[PDB]
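Shown next, in structure tokens, is the structure this report addresses.
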There are 2 protein chains.
Amino acid sequence: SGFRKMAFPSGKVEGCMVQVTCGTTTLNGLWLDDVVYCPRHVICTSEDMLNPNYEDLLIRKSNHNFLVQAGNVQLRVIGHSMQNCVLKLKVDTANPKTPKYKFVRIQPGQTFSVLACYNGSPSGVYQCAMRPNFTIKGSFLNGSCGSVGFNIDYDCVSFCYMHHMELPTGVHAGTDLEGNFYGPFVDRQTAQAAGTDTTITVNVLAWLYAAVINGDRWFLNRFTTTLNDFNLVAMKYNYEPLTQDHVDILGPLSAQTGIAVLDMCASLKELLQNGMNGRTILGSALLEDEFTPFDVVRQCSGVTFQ
Amino acid sequence: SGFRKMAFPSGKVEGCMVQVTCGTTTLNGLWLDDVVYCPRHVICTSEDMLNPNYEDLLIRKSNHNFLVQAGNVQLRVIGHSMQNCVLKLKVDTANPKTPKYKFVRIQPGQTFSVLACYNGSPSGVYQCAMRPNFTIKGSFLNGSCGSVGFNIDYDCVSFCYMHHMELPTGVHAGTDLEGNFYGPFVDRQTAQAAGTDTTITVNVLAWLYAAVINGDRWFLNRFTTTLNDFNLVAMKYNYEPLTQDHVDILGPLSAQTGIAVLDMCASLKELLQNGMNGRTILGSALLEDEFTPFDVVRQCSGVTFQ
Ligand SMILES: *C(=N)[C@@H](NC(=O)[C@@H]1[C@@H]2[C@H](CN1C(=O)[C@@H](NC(=O)C(F)(F)F)C(C)(C)C)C2(C)C)c1cncc2cccc(F)c12
Ligand SMILES: *C(=N)[C@@H](NC(=O)[C@@H]1[C@@H]2[C@H](CN1C(=O)[C@@H](NC(=O)C(F)(F)F)C(C)(C)C)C2(C)C)c1cncc2cccc(F)c12
């Protein structure tokens with residue numbers, strides 16, 4: 001038992017991180033087979049970064065303008081192209097550590113692991129959720145651009161995020177690995193800002209089930225509620241609506257604990273209306289919404305990855 | 001910016017995990033050079049686990065009683081011995097993925113990364129602290145014994161923990177890699193229980209500095225206090241004493257933020273006496289004590305590891 005913010009083992013991704021330099025800018029790239037993926041804003045100067053025409057900027061670049069460092073070994077760049085907001089740098093060596101992989105795009109409310117990197121060197125791993133407003137609450141400093149987010153399905157790495165920028169509130173924005181931004185953000189210096197967020201209701205319910213599995217039961221009650229009446233309370237507290245599909249997804253956790261989904265909804269309603277009155281749930285005095293039902297089953301049942 | 005519970009990249013440790021089977025028991029081992037380390041209780045039967053004499057139990061074992069699985073490859077065991085509460089299984093192949101490593105023992109209040117494993121296969125990575133009562137609040141299921149905790153110093157893995165058991169409150173106990181238990185726990189089924197814990201004061205102060213660095217300032221005040229008068233309040237709230245050495249260790253964070261250590265102590269006193277009044281700090285409604293000053297500097301300044 002116990003319940004932790006748990007990331008996937010990062011080894012398979014560590015073997016893919018490289019350093020990409022163009023001009024005076026250094027950031028991280030992802031080396032898979034003979035291609036290195038990195039944010040296209042690597043080619044921008046400080047004054048380019050204001051209002052850039054990336055097609056113009058890239059046509060003025062040459063293969064030799066891109067220095068790629070794979071540990072302490074040069075990679076020779078033999079081609080370059082732009083795909084949406086990422087650059088694809090063709091190199092003359094296929095990464096011998098290429099894992100099996102997929103490029104997937106995730107949904108708000110889904111989670112993933114982030115391998116924070118600097119100068120092509122991994123520094124730490126942590127778990128994030130894609131917020132409903134398409135930002136992530138990451139931990140990123142200067143030089144972290146090009147770090148990637150991913151999930152692992154058994155032996156296959158599903159890359160879902162590459163880091164591009166920090167918004168003024170300290171949250172983070174980036175793209176999928178096809179270079180398409182999550183949310184209404186652009187790789188150019190505007191006054192862009194996150195905009196309103198909501199709490200991920202189905203995840204809060206999953207985490208309440210995790211708590212019951214780990215012996216926290218004080219918030220339970222004999223009460224129940226209807227889905228419609230629950231959603232009336234959810235909207236009032238900036239929670240997003242609970243669908244019948246969410247209820248179905250919570251089925252296994254409901255069966256394991258013997259607590260019907262709509263009963264756990266009744267418990268959530270009371271927590272929203274009354275607060276916690278000095279008590280905690282799984283070491284938190286807040287309702288936690290960055291664990292999916294899958295994350296809870298993974299950790300309160302025990303699947304590995306090879 | 002941002003602040004996350006961040007673990008070290010796990011790749012170097014993933015390459016060392018193997019599966020160890022003896023009789024009907026399967027657990028994890030750590031393969032370094034030509035030795036595999038695992039909990040000695042692997043050799044116990046269910047009824048052995050009650051009150052065992054490990055010297056007797058081990059003399060009745062043979063090399064061939066130990067099956068070691070390195071992925072999908074047999075390792076032949078060519079010797080076995082006991083060192084305190086761990087077994088050392090000599091094998092006929094040195095692990096080609098052995099990183100540079102050290103066996104270190106950590107202090108209560110220090111942090112480390114845990115690579116949770118099952119059947120020799122890594123499943124997730126997360127960050128823990130050694131509690132003052134020598135337990136860790138981990139996330140571990142059946143089969144997780146032999147999973148290890150570690151820190152990374154630059155390119156060198158300092159192994160500090162191997163998992164042995166879950167206590168009745170759901171917290172976890174284990175040994176250093178010399179097989180010496182952290183705390184007053186034994187690898188045999190008694191009624192042993194965690195016993196009283198305290199909050200790690202210097203870590204709470206470090207995390208308050210992290211919050212200031214990330215723009216949370218509402219808890220600051222013009223107030224100050226003396227170390228002696230602070231420690232009077234700390235003891236009343238089950239916080240452990242703050243020493244002059246802790247104050248010195250917080251020096252860099254104090255200089256970076258311009259907030260004197262004893263001023264931040266005054267802020268902590270008020271938070272302990274008044275609570276937070278509906279507000280949060282770095283996404284928490286509790287005072288967090290599992291980040292060390294080093295963890296804060298690492299994440300709010302940005303060191304990598306190669
Ligand atoms: C990546 N290493 C770095 N981010 C960028 O280089 C990124 C690119 C231009 C500036 N920028 C960026 O994040 C801006 N933010 C904005 O322009 C925004 F508010 F989002 F609109 C700041 C430098 C002011 C943070 C692009 C294309 C926008 C990066 C990544 N992660 C965290 C960082 C923290 C601090 C400084 C950085 F440069 C950071
Ligand atoms: C490791 N895979 C497993 N733990 C053990 O096998 C461990 C060894 C005997 C029983 N045991 C153990 O953790 C007991 N706990 C106790 O005896 C205690 F309360 F600590 F005194 C329980 C099986 C009742 C949990 C030894 C030498 C004590 C293990 C590891 N981590 C989590 C687990 C959760 C559930 C079941 C396990 F077997 C767990």
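Ligands are numbered from 1 in the order shown, chains are lettered A, B, ... in the order of the structure tokens, and residues start at 1 in each chain.
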#### Entry: Cut-off 7 Å, only C-alpha atoms and all ligand atoms, neighbours of ligand 2 as a list in words
residues 1 of chain A; 27, 41, 49, 140, 141, 142, 143, 144, 145, 163, 164, 165, 166, 167, 168, 172, 187, 188, 189, 190, 191, 192 and 193 of chain B
#### Entry: Interface, chain B side, toward chain A (6 Å; only C-alpha atoms) as number ranges by chain
B: 1-3, 6-11, 123-126, 138-141, 170, 285, 304-305
### Message
Using only C-alpha atoms, which protein or nucleic acid residues come within 10 Å of range 76-78 of chain B? Drop anything in the same chain fewer than 4 positions from it, and give the result as number ranges by chain.
### Response
B: 34-36, 62-69, 89-93
Let me see the file: selected residues, C-alpha atoms, as a JSON list (two decimals), in the first residue's frame.
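result_27.json was written with the following content:
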[["chain", "number", "residue", "atom", "x", "y", "z"],
["B", 34, "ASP", "CA", 29.12, -10.32, -10.35],
["B", 35, "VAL", "CA", 26.97, -10.08, -7.18],
["B", 36, "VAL", "CA", 23.18, -10.01, -6.74],
["B", 62, "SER", "CA", 22.46, -24.66, -1.99],
["B", 63, "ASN", "CA", 23.55, -22.44, -4.91],
["B", 64, "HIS", "CA", 21.01, -24.23, -7.11],
["B", 65, "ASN", "CA", 18.17, -23.24, -4.76],
["B", 66, "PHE", "CA", 18.51, -19.67, -6.09],
["B", 67, "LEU", "CA", 17.06, -18.88, -9.51],
["B", 68, "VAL", "CA", 18.14, -15.45, -10.81],
["B", 69, "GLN", "CA", 16.48, -14.00, -13.92],
["B", 89, "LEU", "CA", 24.47, -14.19, -4.55],
["B", 90, "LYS", "CA", 27.68, -14.62, -6.49],
["B", 91, "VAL", "CA", 26.88, -15.12, -10.18],
["B", 92, "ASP", "CA", 29.04, -16.19, -13.10],
["B", 93, "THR", "CA", 28.45, -13.01, -15.16]]
### Task
Per DSSP on the backbone, filter range 86-212 of chain B down to the residues in helix (DSSP H, G or I) and report them as number ranges by chain.
B: 201-212
Store the residues picked out above, limited to N, CA, C and O atoms, as a short mmCIF file (atom, residue, chain, number, x, y, z; two decimals), in the first residue's frame.
data_model
loop_
_atom_site.label_atom_id
_atom_site.label_comp_id
_atom_site.auth_asym_id
_atom_site.auth_seq_id
_atom_site.Cartn_x
_atom_site.Cartn_y
_atom_site.Cartn_z
N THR B 201 11.78 20.01 10.34
CA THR B 201 11.65 21.47 10.33
C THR B 201 12.50 22.12 9.26
O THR B 201 12.02 23.00 8.52
N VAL B 202 13.77 21.72 9.15
CA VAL B 202 14.64 22.39 8.18
C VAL B 202 14.10 22.21 6.77
O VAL B 202 14.25 23.11 5.92
N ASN B 203 13.46 21.07 6.49
CA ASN B 203 12.88 20.84 5.16
C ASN B 203 11.67 21.74 4.92
O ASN B 203 11.49 22.25 3.81
N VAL B 204 10.82 21.92 5.93
CA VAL B 204 9.69 22.84 5.76
C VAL B 204 10.20 24.24 5.42
O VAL B 204 9.65 24.91 4.54
N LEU B 205 11.25 24.70 6.11
CA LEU B 205 11.81 26.02 5.79
C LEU B 205 12.36 26.06 4.38
O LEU B 205 12.14 27.05 3.66
N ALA B 206 13.04 24.99 3.94
CA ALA B 206 13.54 24.97 2.57
C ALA B 206 12.40 25.10 1.57
O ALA B 206 12.51 25.83 0.58
N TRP B 207 11.29 24.40 1.83
CA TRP B 207 10.14 24.43 0.94
C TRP B 207 9.45 25.79 0.96
O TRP B 207 8.93 26.24 -0.07
N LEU B 208 9.43 26.47 2.11
CA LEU B 208 8.95 27.85 2.12
C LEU B 208 9.82 28.76 1.25
O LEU B 208 9.29 29.61 0.51
N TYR B 209 11.14 28.57 1.28
CA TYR B 209 12.00 29.31 0.35
C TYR B 209 11.70 28.96 -1.11
O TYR B 209 11.71 29.84 -1.98
N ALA B 210 11.48 27.67 -1.41
CA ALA B 210 11.07 27.31 -2.77
C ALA B 210 9.81 28.06 -3.18
O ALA B 210 9.66 28.48 -4.34
N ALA B 211 8.86 28.20 -2.26
CA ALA B 211 7.61 28.88 -2.58
C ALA B 211 7.88 30.34 -2.92
O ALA B 211 7.33 30.87 -3.90
N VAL B 212 8.72 31.01 -2.13
CA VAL B 212 9.05 32.41 -2.41
C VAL B 212 9.71 32.52 -3.79
O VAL B 212 9.35 33.39 -4.59
#
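Of the residues under consideration (A:290, A:244, A:249, A:230), A:230 shows the shortest atom-to-atom contact distance to residue 264 in chain A when counting only C-alpha atoms.
Nearest residue to ligand 1, choosing from A:56, A:197, A:33, A:47 and counting only C-alpha atoms and all ligand atoms: A:47.
Note that the spacing between CA of residue 44 in chain B and CA of residue 23 in chain B amounts to 8.7 Å.
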### Message
DSSP on the backbone, strand (DSSP E) only: what residues of range 121-293 of chain B does that give? Format it as a count of residues only.
### Response
30
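For the atom pair formed by CA of residue 107 in chain A and CA of residue 273 in chain A, the distance is 28.6 Å, given to one decimal.
Taking only C-alpha atoms into account, residue 266 in chain B lies nearest to B:229 out of the set B:55, B:229, B:216, B:176.
The environment of residue 220 in chain A within 8 Å, counting only C-alpha atoms and disregarding residues fewer than 2 places along the same chain, consists of residues 217, 218, 222, 264 and 267 of chain A.
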### Task
Find the spatial neighbours of residue 106 in chain B, counting only C-alpha atoms, within a cut-off of 10 Å - ignore same-chain residues fewer than 6 positions away - and output them as a PyMOL selection string.
chain B and resi 112+129-130+150+158-161+176+182
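By only C-alpha atoms, and with residues fewer than 2 positions from residue 184 in chain B along its chain excluded, the set lying at most 9 Å from it is residues 133, 134, 181, 182, 186, 192 and 194 of chain B.
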## Note on the structure
CA of residue 295 in chain B to CA of residue 224 in chain B measures 25.5 Å
